[PDB]
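Step one of this worksheet: look at the structure below.
Every number in this text was worked out from the coordinates using simple rules, so none of it is lab data. Reconstructed Cβ throughout: ideal geometry from the backbone, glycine too, with neighbour counts over all protein chains shown.
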Amino acid sequence: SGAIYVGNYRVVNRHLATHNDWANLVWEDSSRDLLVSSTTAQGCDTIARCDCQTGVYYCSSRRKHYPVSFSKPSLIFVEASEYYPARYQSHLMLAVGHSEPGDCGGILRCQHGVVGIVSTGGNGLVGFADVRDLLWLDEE
Ligand SMILES: NC(=O)[C@H]1CCCN(C(=O)C[C@@H]2CSCCS2)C1
Ligand SMILES: [Zn+2]
């Protein structure tokens, strides 16, 4: 589990969104595994607007933050899970690292801010849904 709290937005994995998220919906995209809902309180996370391909992510199944090198956002094929069939996911970045279902939602960050959240896993890989192109998260 986990979310990004930027401004009056909450960014979560679409497959983990709650009823309150759906009832306060701003934007969702199944191809990216992302959903954004509105919040009453202002958040403290800042979104990275950069070209970093190294950073650190939080792994809940280890209670640890790990440094990683990750690929550029791309269209990748992901195996079936409890939430989606096997398919292509867009704006996904892969790295070598530990990731269980329960680890989705952990933040990937660099010195500039939040880069994305854990969205896929297995066999020593971790995949992150990028948020750096969603410029509108910084306004309204
Ligand atoms: N975004 C998706 O299509 C994923 C939906 C949840 C399941 N999924 C995985 O890759 C399983 C990994 C287990 S390792 C922990 C992180 S998820 C596919
Ligand atoms: Zn950066």
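Points worth noting:
- For segment 3-44, convex hull of alpha carbons as volume per residue, Å³: 58
- Cubic angstrom per residue, convex hull over Cα atoms of segment 21-61: 160
- Distance from segment 50-75 to segment 1-30 (C-alpha centre basis), Å: 20
- Over all pairs of different C-alpha atoms in segment 45-140, the reciprocal of the mean inverse distance, the Kirkwood hydrodynamic radius, equals 13.5 Å.
- On the beta carbon distance between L25 and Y88, with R0 = 30 Å, the FRET formula returns roughly 0.80.
- Spread over its residues, the convex hull of the C-alpha atoms of segment 1-89 is 132 Å³ per residue.
- Point-charge dipole on Cβ atoms (K/R +1, D/E -1) for the chain, about Cα centre, debye to 20: 400
- The chain, helix-only ellipticity at 222 nm - DSSP H runs n ≥ 4, -39,500 (n - 2.57), divided by all residues, nearest 500: -500 deg cm²/dmol
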